[PDB]
Amino acid sequence: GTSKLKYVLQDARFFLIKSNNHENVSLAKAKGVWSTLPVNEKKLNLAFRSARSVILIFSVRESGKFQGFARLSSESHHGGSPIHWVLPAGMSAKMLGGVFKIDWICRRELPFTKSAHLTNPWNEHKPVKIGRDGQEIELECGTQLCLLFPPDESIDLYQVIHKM
Ligand SMILES: CNc1nc(Cl)nc2c1ncn2Cc1cccc(OC)c1
């Protein structure tokens, strides 16, 4: 069903994450972690303290798709188990470094063709696929976008609800 998913998304905040490569999204799916640039790290930390759920919606550049979505379970933390991100040209490991723990809600893909009817008020009402890494998605658009994804029957939202 979709009832527990709707409960997790209630009064949530949503952020578009743009990854330059599939390898980083795969590593985030396997390890339950994400790292971003300091400007976005600051926005996510503020959002985490502000809302019952902060949802990251992932898209790999040039893929034409979203690759799933996850809920922050922590603020960013440094030190600890390092992460072998694939870094773009211009990208050093120091610029990442802050690591958020995340709980996946859906690891399934959604093609942009299916979200063409959803516009983001916080990005000039452009289609929600359009946006820089870290762009916030308004509540109603973000909720409807997450509800478009195919159900991921491998995930049990009971433990996610308990984190709240
Ligand atoms: C593990 N985290 C990430 N991995 C990857 Cl491959 N791309 C990311 C990540 N976070 C944000 N982006 C987008 C990006 C890429 C290169 C230069 C940027 O300067 C604005 C922005």
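X-ray crystallography is the method the PDB entry lists for this structure, together with a resolution of 1.43 Å.

(A) View of the pairing of strand β1 (residues 13–19). The buried fraction of β1 amounts to 5 of the 7 residues, a majority that puts the element mostly inside the structure. Bridge count between β1 and strand β3 (residues 54–60): 7 bridges; the pairing is parallel. Looking at the pairing, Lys18 lines up with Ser59 of β3. Summarising the sheet, β1 and strand β10 (residues 136–137) pair through 2 bridges and their orientation is antiparallel. The residue bridging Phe14 from the neighbouring strand is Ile137, located in β10.

(B) How the structure looks around the site of the ligand. In the vicinity of the ligand, the contacting residues are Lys18, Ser19, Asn20, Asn21, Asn24, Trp34, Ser35, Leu37, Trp85, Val86, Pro88 and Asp133. Note that a nitrogen atom of the ligand is positioned 3.1 Å from one of the backbone N or O atoms of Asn20. The side chain of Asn24 places a nitrogen or oxygen atom 2.7 Å from a nitrogen atom of the ligand. In isolation the ligand has 500 Å² of accessible area, and contact with the protein removes 78% of it. Residue composition of the shell around the ligand, grouped by class: 5 nonpolar, 5 polar and 2 charged.

(C) Quick look at the nonpolar core. If you look at the biggest cluster of nonpolar residues, it comprises 46 residues, and the most contacted ones within it are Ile55, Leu56, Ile57, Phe58, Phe69 and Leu145. In terms of residues, this core owes the most to one element, β3, which gives 6 residues. Discounting residues that sit within four places of it in the chain, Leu56 has contacts with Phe15, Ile17, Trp34, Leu44, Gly68, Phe69, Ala70, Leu72 and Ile102.

(D) Spotlight on a nonpolar patch on the surface. A surface patch of nonpolar side chains, amounting to about 240 Å² of accessible area, comprises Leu37, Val39 and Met95. As for its position among the elements, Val39 is in helix α3 (residues 38–50).

What counts and how
- Residues numbered from 1 in each chain as written, not as in the entry; some residues may be left out.
- Heavy atoms only, no water.
- Residues with missing side-chain atoms left out of burial classes, pairs and counts.
- Buried < 20%, exposed > 50% of the residue type's maximum accessible area, 1.4 Å probe, protein only.
- Helix = DSSP H or I, 4+ residues; strand = E, 2+ residues; numbered from the N terminus.
- Pairing = 2+ DSSP bridges.
- Near = heavy atom within 4 Å.
- Polar contact = N/O pair within 3.5 Å; in protein donor to acceptor, adjacent residues only side chain to side chain.
- Areas by Shrake-Rupley, 256 points an atom, 1.4 Å probe, with all protein chains shown as cover.
- Nonpolar A, V, L, I, M, F, W, Y, C, P; charged D, E, K, R; others polar.
- Core = buried A, V, L, I, M, F, W, Y, C linked by side-chain atoms within 4.5 Å.
- Contact = heavy atoms within 4.5 Å.
- Patch = residues over 30% accessible without salt bridge, like charges linked within 9 Å, V, L, I, M, F, W, Y side chains within 5 Å.
- Salt bridge = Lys/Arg side-chain N within 4 Å of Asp/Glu carboxyl O.

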